[PDB]
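S.K.: Structure file final28.csv (CSV, C-alpha atoms and all ligand atoms) right here:
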chain,number,residue,atom,x,y,z
A,9,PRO,CA,134.1,115.8,30.2
A,10,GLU,CA,136.1,113.9,32.8
A,11,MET,CA,139.0,111.9,31.5
A,12,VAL,CA,140.4,108.5,32.7
A,13,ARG,CA,143.7,107.1,31.4
A,14,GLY,CA,143.4,109.7,28.6
A,15,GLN,CA,140.0,108.7,27.3
A,16,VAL,CA,136.6,110.4,27.7
A,17,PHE,CA,134.5,109.0,30.6
A,18,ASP,CA,131.6,111.4,30.5
A,19,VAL,CA,129.3,110.6,33.4
A,20,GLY,CA,128.2,114.1,34.3
A,21,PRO,CA,127.7,115.9,37.6
A,22,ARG,CA,125.8,113.1,39.3
A,23,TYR,CA,128.8,110.7,39.3
A,24,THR,CA,132.2,112.0,40.6
A,25,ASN,CA,135.5,110.9,42.0
A,26,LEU,CA,136.2,108.3,39.3
A,27,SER,CA,138.6,105.4,39.9
A,28,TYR,CA,139.7,103.0,37.1
A,29,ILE,CA,138.8,99.4,37.7
A,30,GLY,CA,139.9,97.8,34.5
A,31,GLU,CA,138.7,96.6,31.0
A,32,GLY,CA,135.7,94.4,30.5
A,33,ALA,CA,134.1,92.9,27.4
A,34,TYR,CA,132.6,96.3,26.5
A,35,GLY,CA,135.6,98.6,27.3
A,36,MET,CA,136.6,100.8,30.3
A,37,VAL,CA,135.0,100.2,33.7
A,38,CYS,CA,135.3,102.7,36.6
A,39,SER,CA,133.9,103.2,40.1
A,40,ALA,CA,132.4,106.5,40.9
A,41,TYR,CA,130.5,108.3,43.7
A,42,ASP,CA,126.8,108.6,43.2
A,43,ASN,CA,125.9,112.1,44.6
A,44,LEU,CA,122.2,111.3,44.7
A,45,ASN,CA,122.2,107.9,46.4
A,46,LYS,CA,125.3,108.7,48.5
A,47,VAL,CA,127.1,105.4,47.6
A,48,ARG,CA,129.9,104.3,45.2
A,49,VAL,CA,128.8,102.5,42.0
A,50,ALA,CA,130.2,100.7,39.0
A,51,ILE,CA,130.1,102.3,35.5
A,52,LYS,CA,130.7,100.6,32.2
A,53,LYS,CA,131.4,102.6,29.0
A,54,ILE,CA,130.1,101.1,25.7
A,55,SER,CA,130.9,102.4,22.2
A,56,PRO,CA,129.1,100.1,19.8
A,57,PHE,CA,127.7,102.3,17.1
A,58,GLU,CA,130.2,101.8,14.3
A,59,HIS,CA,129.5,98.0,14.0
A,60,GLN,CA,126.2,96.1,13.5
A,61,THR,CA,127.4,93.1,15.7
A,62,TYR,CA,128.4,95.4,18.6
A,63,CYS,CA,125.0,97.1,18.4
A,64,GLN,CA,123.2,93.7,18.5
A,65,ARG,CA,125.1,92.7,21.7
A,66,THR,CA,124.5,96.0,23.3
A,67,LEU,CA,120.8,96.0,22.7
A,68,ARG,CA,120.5,92.4,24.1
A,69,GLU,CA,122.5,93.5,27.2
A,70,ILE,CA,120.3,96.5,27.9
A,71,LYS,CA,116.9,95.1,26.9
A,72,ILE,CA,117.2,91.9,29.0
A,73,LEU,CA,118.7,93.6,32.1
A,74,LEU,CA,116.0,96.2,32.1
A,75,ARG,CA,113.2,93.6,32.0
A,76,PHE,CA,114.6,91.3,34.6
A,77,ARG,CA,114.4,92.0,38.3
A,78,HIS,CA,116.0,89.4,40.6
A,79,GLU,CA,118.3,89.4,43.6
A,80,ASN,CA,120.9,87.1,41.9
A,81,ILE,CA,121.0,89.1,38.6
A,82,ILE,CA,122.9,92.3,38.4
A,83,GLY,CA,120.4,94.6,36.6
A,84,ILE,CA,120.9,98.3,35.7
A,85,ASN,CA,120.5,101.3,38.0
A,86,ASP,CA,120.9,104.2,35.5
A,87,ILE,CA,122.0,104.7,31.9
A,88,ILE,CA,123.9,107.8,30.7
A,89,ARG,CA,123.9,109.1,27.1
A,90,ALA,CA,123.5,112.2,25.0
A,91,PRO,CA,120.1,113.9,24.8
A,92,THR,CA,119.8,113.3,21.0
A,93,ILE,CA,120.6,110.3,18.7
A,94,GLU,CA,122.8,112.6,16.7
A,95,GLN,CA,125.0,113.4,19.7
A,96,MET,CA,125.0,109.9,21.1
A,97,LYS,CA,128.4,108.2,20.7
A,98,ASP,CA,128.8,106.3,23.9
A,99,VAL,CA,126.5,104.7,26.4
A,100,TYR,CA,127.3,104.3,30.1
A,101,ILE,CA,125.6,101.6,32.2
A,102,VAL,CA,125.5,102.2,36.0
A,103,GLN,CA,125.3,99.1,38.3
A,104,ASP,CA,125.7,98.2,42.0
A,105,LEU,CA,129.4,98.2,43.0
A,106,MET,CA,130.8,94.7,43.8
A,107,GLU,CA,133.9,93.6,45.6
A,108,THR,CA,135.1,90.9,43.2
A,109,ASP,CA,134.2,88.2,40.7
A,110,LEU,CA,134.4,84.4,41.0
A,111,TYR,CA,137.4,84.3,38.5
A,112,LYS,CA,139.5,86.6,40.7
A,113,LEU,CA,138.3,84.8,43.9
A,114,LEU,CA,139.3,81.4,42.6
A,115,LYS,CA,142.8,82.6,41.6
A,116,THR,CA,143.8,83.1,45.3
A,117,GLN,CA,141.1,81.9,47.7
A,118,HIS,CA,140.1,78.3,48.8
A,119,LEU,CA,136.3,78.1,49.2
A,120,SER,CA,134.8,76.4,52.2
A,121,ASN,CA,132.1,73.7,51.5
A,122,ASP,CA,129.6,76.2,52.9
A,123,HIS,CA,130.7,78.9,50.4
A,124,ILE,CA,130.5,76.4,47.5
A,125,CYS,CA,127.0,75.4,48.5
A,126,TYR,CA,125.9,79.1,49.0
A,127,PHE,CA,127.4,80.3,45.7
A,128,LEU,CA,125.9,77.3,43.7
A,129,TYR,CA,122.5,77.9,45.3
A,130,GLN,CA,122.6,81.6,44.2
A,131,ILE,CA,123.8,80.7,40.7
A,132,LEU,CA,120.9,78.2,40.2
A,133,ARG,CA,118.3,80.5,41.8
A,134,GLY,CA,119.2,83.3,39.3
A,135,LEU,CA,119.3,80.7,36.5
A,136,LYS,CA,115.8,79.5,37.4
A,137,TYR,CA,114.5,83.0,36.8
A,138,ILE,CA,116.4,83.4,33.5
A,139,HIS,CA,115.2,80.1,32.1
A,140,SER,CA,111.6,80.8,33.3
A,141,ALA,CA,111.8,83.9,31.0
A,142,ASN,CA,112.5,81.5,28.1
A,143,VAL,CA,116.1,82.9,27.9
A,144,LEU,CA,119.5,81.2,27.6
A,145,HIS,CA,122.4,83.1,29.1
A,146,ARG,CA,125.0,81.3,26.8
A,147,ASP,CA,128.2,82.6,28.4
A,148,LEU,CA,128.2,81.5,32.1
A,149,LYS,CA,131.7,81.4,33.5
A,150,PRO,CA,133.4,82.6,36.7
A,151,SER,CA,134.2,86.1,35.4
A,152,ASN,CA,130.5,86.8,34.8
A,153,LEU,CA,129.6,86.0,38.4
A,154,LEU,CA,130.1,89.0,40.7
A,155,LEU,CA,130.2,89.1,44.5
A,156,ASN,CA,129.8,91.8,47.1
A,157,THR,CA,131.5,92.1,50.5
A,158,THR,CA,128.9,89.8,52.1
A,159,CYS,CA,129.1,87.2,49.3
A,160,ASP,CA,125.8,88.1,47.6
A,161,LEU,CA,126.2,86.7,44.0
A,162,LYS,CA,125.0,88.4,40.8
A,163,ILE,CA,124.9,87.0,37.3
A,164,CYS,CA,126.1,89.6,34.7
A,165,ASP,CA,126.5,90.1,30.9
A,166,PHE,CA,123.5,89.2,28.8
A,167,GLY,CA,125.0,90.4,25.6
A,168,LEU,CA,125.3,86.8,24.2
A,169,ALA,CA,121.9,85.6,25.4
A,170,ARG,CA,119.2,84.1,23.1
A,171,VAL,CA,115.5,83.1,23.4
A,172,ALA,CA,115.3,79.3,23.7
A,173,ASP,CA,114.5,77.4,20.5
A,174,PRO,CA,114.7,73.7,21.1
A,175,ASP,CA,112.9,72.8,17.8
A,176,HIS,CA,115.7,74.3,15.8
A,177,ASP,CA,118.7,73.2,17.8
A,178,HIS,CA,120.2,70.5,15.5
A,179,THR,CA,123.1,71.2,13.2
A,180,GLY,CA,126.3,69.6,11.8
A,181,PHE,CA,129.8,68.7,13.1
A,182,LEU,CA,132.5,71.2,14.2
A,183,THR,CA,130.6,74.3,13.1
A,184,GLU,CA,129.2,75.9,16.2
A,185,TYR,CA,130.7,78.5,18.5
A,186,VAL,CA,128.7,79.2,21.6
A,187,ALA,CA,129.9,80.1,25.1
A,188,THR,CA,133.5,80.5,26.3
A,189,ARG,CA,135.7,77.4,25.5
A,190,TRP,CA,136.3,75.9,28.9
A,191,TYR,CA,132.5,76.1,29.7
A,192,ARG,CA,131.2,74.8,26.4
A,193,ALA,CA,129.0,71.7,26.3
A,194,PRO,CA,130.2,68.7,24.2
A,195,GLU,CA,127.2,68.9,21.9
A,196,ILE,CA,128.2,72.3,20.7
A,197,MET,CA,131.1,70.6,18.8
A,198,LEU,CA,129.0,67.7,17.7
A,199,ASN,CA,125.4,68.7,16.6
A,200,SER,CA,124.0,71.6,18.6
A,201,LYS,CA,123.5,75.3,17.9
A,202,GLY,CA,123.2,76.0,21.7
A,203,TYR,CA,119.5,76.9,21.6
A,204,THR,CA,118.4,74.8,24.6
A,205,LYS,CA,118.5,75.4,28.3
A,206,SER,CA,120.9,72.4,28.8
A,207,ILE,CA,123.7,74.5,27.4
A,208,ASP,CA,123.7,76.7,30.6
A,209,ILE,CA,123.5,73.7,33.0
A,210,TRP,CA,126.7,72.3,31.5
A,211,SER,CA,128.5,75.6,32.2
A,212,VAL,CA,127.2,75.6,35.8
A,213,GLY,CA,128.6,72.1,36.2
A,214,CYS,CA,132.0,73.3,35.0
A,215,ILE,CA,131.8,76.2,37.5
A,216,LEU,CA,131.0,73.8,40.4
A,217,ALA,CA,134.0,71.6,39.5
A,218,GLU,CA,136.2,74.7,39.4
A,219,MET,CA,135.0,75.8,42.9
A,220,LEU,CA,136.0,72.3,44.2
A,221,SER,CA,139.6,72.5,43.2
A,222,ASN,CA,140.4,76.1,42.0
A,223,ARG,CA,141.4,74.8,38.5
A,224,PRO,CA,139.2,74.5,35.4
A,225,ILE,CA,138.1,70.9,34.9
A,226,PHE,CA,138.2,70.9,31.1
A,227,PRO,CA,141.1,73.2,30.1
A,228,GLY,CA,141.1,72.8,26.3
A,229,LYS,CA,144.0,74.7,24.6
A,230,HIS,CA,141.9,75.6,21.6
A,231,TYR,CA,138.5,75.0,20.0
A,232,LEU,CA,139.3,71.5,18.7
A,233,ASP,CA,141.0,70.4,22.0
A,234,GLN,CA,138.0,71.0,24.2
A,235,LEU,CA,136.2,67.7,23.4
A,236,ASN,CA,139.5,65.8,24.2
A,237,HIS,CA,139.4,67.0,27.7
A,238,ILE,CA,135.6,66.3,28.2
A,239,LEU,CA,135.9,62.7,26.9
A,240,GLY,CA,139.1,62.2,28.9
A,241,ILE,CA,137.1,62.5,32.1
A,242,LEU,CA,133.6,61.3,31.2
A,243,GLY,CA,134.9,58.4,29.2
A,244,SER,CA,133.4,57.0,25.9
A,245,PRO,CA,129.7,57.6,25.4
A,246,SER,CA,127.3,54.7,25.7
A,247,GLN,CA,125.6,53.1,22.6
A,248,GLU,CA,122.3,54.7,23.8
A,249,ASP,CA,123.8,58.1,23.9
A,250,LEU,CA,125.4,57.7,20.5
A,251,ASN,CA,122.1,56.5,19.1
A,252,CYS,CA,120.7,60.0,20.1
A,253,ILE,CA,123.1,61.6,17.6
A,254,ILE,CA,121.7,61.0,14.1
A,255,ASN,CA,124.3,63.1,12.3
A,256,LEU,CA,126.8,60.6,10.8
A,257,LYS,CA,129.9,62.8,10.8
A,258,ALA,CA,129.5,63.5,14.5
A,259,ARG,CA,128.5,59.9,15.4
A,260,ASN,CA,131.3,58.4,13.3
A,261,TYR,CA,133.9,60.7,14.8
A,262,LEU,CA,133.0,59.4,18.3
A,263,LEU,CA,132.9,55.7,17.0
A,264,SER,CA,136.5,56.2,15.6
A,265,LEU,CA,138.0,56.8,19.0
A,266,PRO,CA,139.7,54.2,21.2
A,267,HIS,CA,137.9,53.3,24.4
A,268,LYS,CA,138.3,55.8,27.3
A,269,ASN,CA,137.3,55.0,30.9
A,270,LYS,CA,135.3,57.3,33.2
A,271,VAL,CA,137.5,59.0,35.8
A,272,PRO,CA,135.6,58.8,39.1
A,273,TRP,CA,134.7,62.2,40.6
A,274,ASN,CA,135.8,61.2,44.1
A,275,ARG,CA,139.3,60.5,42.7
A,276,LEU,CA,139.5,63.9,41.1
A,277,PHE,CA,138.1,65.6,44.2
A,278,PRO,CA,139.0,63.5,47.3
A,279,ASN,CA,138.0,66.2,49.8
A,280,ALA,CA,134.6,67.1,48.2
A,281,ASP,CA,131.2,66.6,49.8
A,282,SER,CA,129.7,63.4,48.3
A,283,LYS,CA,126.4,65.2,47.7
A,284,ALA,CA,128.2,67.9,45.7
A,285,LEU,CA,129.8,65.2,43.5
A,286,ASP,CA,126.4,63.5,42.9
A,287,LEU,CA,125.0,66.8,41.7
A,288,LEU,CA,128.2,67.5,39.7
A,289,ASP,CA,127.8,64.2,37.8
A,290,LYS,CA,124.1,65.1,36.9
A,291,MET,CA,125.1,68.5,35.6
A,292,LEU,CA,128.1,67.2,33.6
A,293,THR,CA,126.1,64.5,31.8
A,294,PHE,CA,127.1,63.9,28.2
A,295,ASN,CA,123.6,63.4,26.8
A,296,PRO,CA,121.8,66.8,27.0
A,297,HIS,CA,118.4,65.1,27.2
A,298,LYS,CA,119.5,63.2,30.3
A,299,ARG,CA,121.2,66.3,31.9
A,300,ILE,CA,119.6,67.7,35.1
A,301,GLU,CA,117.4,70.8,34.7
A,302,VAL,CA,117.6,73.9,36.8
A,303,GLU,CA,114.5,73.2,39.0
A,304,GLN,CA,115.8,69.6,39.7
A,305,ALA,CA,119.2,70.9,40.6
A,306,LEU,CA,117.7,73.3,43.2
A,307,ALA,CA,115.9,70.3,44.8
A,308,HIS,CA,119.1,68.2,45.0
A,309,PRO,CA,120.1,67.1,48.6
A,310,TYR,CA,123.4,69.1,48.4
A,311,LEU,CA,121.3,72.3,48.4
A,312,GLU,CA,118.8,71.2,51.1
A,313,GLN,CA,119.8,74.0,53.6
A,314,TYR,CA,118.7,76.7,51.1
A,315,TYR,CA,116.0,75.1,48.9
A,316,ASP,CA,112.6,76.9,49.1
A,317,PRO,CA,110.6,77.0,45.8
A,318,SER,CA,108.3,79.8,47.2
A,319,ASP,CA,111.4,82.0,47.6
A,320,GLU,CA,112.8,81.1,44.1
A,321,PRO,CA,110.8,83.4,41.9
A,322,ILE,CA,110.1,83.2,38.2
A,323,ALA,CA,109.7,85.9,35.5
A,324,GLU,CA,106.4,87.7,35.1
A,325,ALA,CA,106.9,88.3,31.4
A,326,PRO,CA,108.9,85.7,29.4
A,327,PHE,CA,110.4,86.6,26.0
A,328,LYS,CA,108.1,84.8,23.7
A,329,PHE,CA,110.2,85.1,20.6
A,335,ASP,CA,119.3,91.7,9.7
A,336,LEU,CA,118.7,95.2,11.1
A,337,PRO,CA,121.4,97.7,10.0
A,338,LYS,CA,123.4,99.5,12.7
A,339,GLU,CA,121.3,102.6,12.2
A,340,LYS,CA,118.1,100.9,13.2
A,341,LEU,CA,119.8,99.3,16.2
A,342,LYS,CA,121.1,102.7,17.3
A,343,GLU,CA,117.5,103.9,17.2
A,344,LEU,CA,116.3,100.9,19.3
A,345,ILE,CA,119.1,101.5,21.9
A,346,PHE,CA,118.2,105.2,22.1
A,347,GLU,CA,114.5,104.3,22.8
A,348,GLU,CA,115.4,101.5,25.3
A,349,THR,CA,117.5,104.0,27.3
A,350,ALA,CA,115.0,106.9,27.2
A,351,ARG,CA,113.4,106.2,30.6
A,352,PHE,CA,116.6,107.5,32.4
A,353,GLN,CA,116.5,111.0,30.9
A,354,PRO,CA,117.2,113.6,31.9
B,401,LIG,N1,133.9,96.2,41.2
B,401,LIG,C1,133.0,95.9,40.1
B,401,LIG,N2,133.5,95.5,38.9
B,401,LIG,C2,132.6,95.3,37.9
B,401,LIG,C3,133.2,94.8,36.6
B,401,LIG,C4,132.5,94.0,35.7
B,401,LIG,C5,133.1,93.5,34.5
B,401,LIG,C6,134.4,93.9,34.2
B,401,LIG,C7,135.1,94.7,35.1
B,401,LIG,BR1,136.9,95.3,34.6
B,401,LIG,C8,134.5,95.2,36.3
B,401,LIG,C9,131.2,95.4,38.1
B,401,LIG,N3,130.1,95.3,37.3
B,401,LIG,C10,129.0,95.6,38.1
B,401,LIG,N4,129.4,95.9,39.3
B,401,LIG,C11,130.8,95.8,39.3
B,401,LIG,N5,131.7,96.1,40.4
I'd like the structure from this file rewritten - as structure tokens, please.

M.R.:
Amino acid sequence: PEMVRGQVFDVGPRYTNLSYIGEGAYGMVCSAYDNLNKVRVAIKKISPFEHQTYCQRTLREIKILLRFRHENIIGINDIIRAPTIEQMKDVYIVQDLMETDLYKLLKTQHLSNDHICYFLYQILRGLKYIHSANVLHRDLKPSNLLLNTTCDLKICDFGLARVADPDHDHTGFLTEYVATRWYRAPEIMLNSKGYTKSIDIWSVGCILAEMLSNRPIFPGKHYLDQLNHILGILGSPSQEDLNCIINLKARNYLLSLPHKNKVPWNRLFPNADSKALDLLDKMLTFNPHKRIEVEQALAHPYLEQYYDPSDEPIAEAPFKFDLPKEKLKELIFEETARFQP
């Protein structure tokens, strides 16, 4: 097999001329020349079979991406693995090659208002499709938003996704761990398991803020610090919003804090489009029940140049609804079979 940086990267005769890109959540990522389609592609090596948790995440990533088909979602072009379950040790996922991600872009490039508008439109268009399938992404952040040379945007990494379950969302105080810290909604720390669509809208709001200034809006230094940053900008919650939190530990924590004032968005972002800030406020709303939903966000005046519900498709087949690693390996083998030989 071909080797890269001293490790096996076995993508067979179809894919050649490998180049190392870097390390992602799953391991090594390379580009390669697709000798069939005559174009360069991205390839991700996954090695999950020794651990049940890794197998769970890998099955989610593959099953969801194979069912979805949408312009603003990365999808999967091919999957490479051994012909037998016995010989299968690694799985390689082949995807369209992109130029960059939004994390890298924000480190060095100022975005025009037109680019912010276009990126936000594409994020929400993809998210409408995901939510219409009854699925929560649960880890939206700039590094999971990929861009090609013409600024087409693709949402990636569904390994942390779940089927929505609003009836079973309530839990206790300081127990939950959903999403990446800076993009994590306040209720995750208070009383929520992250099983409702509002979790994703919060993350998109955080991304919009970061596009406006090139800096994360709520840069918590650790898990417990994150709520300090959120409240330092939104200010103290209203009585009505507190009344929506029945859990006493969570409500009493908030009641114990000194008063904090809201910091006006236009003071944080004096060069921003006023319509962008109105939409930002609606996405970064403390009460998840009052927070704007994806279809409302698409219809906001900020996005009027792009909005067209007939060109914002939904999923044909929503997902309506303890396995050992051995059983999960079998499921991964079966899910990837369509790409043999
Ligand atoms: N250039 C590039 N990188 C990645 C990528 C994605 C995640 C991590 C790392 Br390191 C690289 C891609 N994923 C799909 N197409 C891709 N194109």

S.K.: Please find the residues contacting ligand LIG 401 (chain B) at a distance of at most 12 Å between atoms, with only C-alpha atoms and all ligand atoms counted, and report them as number ranges by chain.

M.R.: A: 27-40, 48-54, 81-85, 100-112, 150-157, 160-166

S.K.: With a distance cut-off of 8 Å and all atoms listed in the file, select the neighbouring residues of region 251-255 of chain A, excluding the residue or stretch itself and same-chain residues fewer than 5 positions from it, and output the selection as a JSON list (two decimals) with C-alpha atoms, keeping the file's coordinate frame.

M.R.:
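Okay, result20.json is ready:
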[["chain", "number", "residue", "atom", "x", "y", "z"],
["A", 180, "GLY", "CA", 126.30, 69.60, 11.80],
["A", 181, "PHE", "CA", 129.80, 68.70, 13.10],
["A", 199, "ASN", "CA", 125.40, 68.70, 16.60]]

S.K.: Find, counting only C-alpha atoms, the residue in A:224, A:309, A:326, A:213 that gets nearest to residue 131 (chain A).

M.R.: A:213

S.K.: So that I can see what lies close to residue 243 (chain A), please list as a ChimeraX atom specification the residues with an atom at most 9 Å from it, counting only C-alpha atoms and leaving out residues fewer than 2 positions away in the same chain.

M.R.: /A:238-241,245,267-271

S.K.: Would you mind reading off the distance between CA of residue 221 (chain A) and CA of residue 208 (chain A), one decimal, in Å?

M.R.: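 Computed distance, CA of residue 221 (chain A) to CA of residue 208 (chain A), equals 20.7 Å.
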
S.K.: Just how far from CA of residue 327 (chain A) is CA of residue 91 (chain A), in Å to one decimal?

M.R.: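 A separation of 29.0 Å between them.
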
S.K.: For the point (120.2, 104.6, 32.2) in the file's frame, write as a PyMOL selection string all residues with an atom no more than 6 Å away, counting only C-alpha atoms.

M.R.: chain A and resi 86-88+349+352

S.K.: If I take CA of residue 120 (chain A) and CA of residue 310 (chain A), how far is one from the other in Å, to one decimal?

M.R.: 14.1 Å

S.K.: What's around residue 290 (chain A) at 12 Å? Count all atoms listed in the file, leave out sequence neighbours fewer than 6 positions away in its own chain, and write the answer as a list in words.

M.R.: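 Those residues are residues 206, 209, 210, 212, 213, 214, 216, 242, 273, 283, 284, 296, 297, 298, 299, 300, 301, 302, 304, 305 and 308 of chain A.
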
S.K.: Which residue out of A:338, A:77, A:192, A:46 has the minimum interatomic distance to residue 233 (chain A) when all atoms listed in the file are used?

M.R.: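 Using all atoms listed in the file, the shortest distance to residue 233 (chain A) belongs to A:192.
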
S.K.: List the neighbours of residue 307 (chain A) out to 12 Å using all atoms listed in the file; skip same-chain residues closer than 4 positions along the sequence, and give me the result as a list in words.

M.R.: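 Here the answer would be residues 129, 132, 133, 136, 287, 300, 301, 302, 303, 311, 312, 313, 314, 315, 316, 317 and 320 of chain A.
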
S.K.: Could you tell me which of A:125, A:207, A:250, A:114 comes closest to residue 147 (chain A) if we count all atoms listed in the file?

M.R.: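 Residue with the minimum atom-to-atom distance to residue 147 (chain A): A:207.
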
S.K.: Could you tell me, as a list in words, which residues have any atom at most 10 Å from (129.3, 88.7, 24.1), counting all atoms listed in the file?

M.R.: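 Result, sorted by chain then residue number: residues 33, 34, 61, 62, 64, 65, 66, 68, 69, 146, 147, 165, 166, 167, 168, 169, 186, 187 and 188 of chain A.
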
S.K.: Ranking A:277, A:261, A:127, A:17 by minimum distance to residue 223 (chain A) and counting all atoms listed in the file, which one comes first?

M.R.: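 Counting all atoms listed in the file, the residue closest to residue 223 (chain A) is A:277.
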
S.K.: Missing atoms in region 278-293 of chain A: fill them in up to N, CA and C atoms and send the result as a tab-separated table (two decimals), in the frame of the given file.

M.R.:
chain	number	residue	atom	x	y	z
A	278	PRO	N	139.03	64.32	46.08
A	278	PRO	CA	139.00	63.50	47.30
A	278	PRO	C	138.47	64.19	48.55
A	279	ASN	N	138.49	65.52	48.60
A	279	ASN	CA	138.00	66.20	49.80
A	279	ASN	C	136.57	66.81	49.59
A	280	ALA	N	135.93	66.50	48.47
A	280	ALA	CA	134.60	67.10	48.20
A	280	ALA	C	133.49	66.37	48.95
A	281	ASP	N	132.44	67.12	49.23
A	281	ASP	CA	131.20	66.60	49.80
A	281	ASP	C	130.59	65.59	48.79
A	282	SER	N	130.22	64.39	49.24
A	282	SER	CA	129.70	63.40	48.30
A	282	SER	C	128.40	63.84	47.62
A	283	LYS	N	127.59	64.65	48.30
A	283	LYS	CA	126.40	65.20	47.70
A	283	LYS	C	126.71	66.17	46.59
A	284	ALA	N	127.74	67.00	46.79
A	284	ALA	CA	128.20	67.90	45.70
A	284	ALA	C	128.60	67.11	44.49
A	285	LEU	N	129.28	65.98	44.68
A	285	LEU	CA	129.80	65.20	43.50
A	285	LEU	C	128.62	64.49	42.80
A	286	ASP	N	127.60	64.08	43.54
A	286	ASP	CA	126.40	63.50	42.90
A	286	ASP	C	125.74	64.51	41.98
A	287	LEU	N	125.59	65.74	42.49
A	287	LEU	CA	125.00	66.80	41.70
A	287	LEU	C	125.91	67.21	40.52
A	288	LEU	N	127.22	67.29	40.75
A	288	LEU	CA	128.20	67.50	39.70
A	288	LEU	C	128.01	66.55	38.51
A	289	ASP	N	127.94	65.26	38.85
A	289	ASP	CA	127.80	64.20	37.80
A	289	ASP	C	126.52	64.43	36.97
A	290	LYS	N	125.42	64.85	37.62
A	290	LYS	CA	124.10	65.10	36.90
A	290	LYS	C	124.17	66.34	36.03
A	291	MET	N	124.95	67.35	36.40
A	291	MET	CA	125.10	68.50	35.60
A	291	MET	C	126.07	68.27	34.38
A	292	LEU	N	127.11	67.47	34.62
A	292	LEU	CA	128.10	67.20	33.60
A	292	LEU	C	127.81	65.82	32.92
A	293	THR	N	126.55	65.64	32.55
A	293	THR	CA	126.10	64.50	31.80
A	293	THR	C	126.23	64.68	30.33
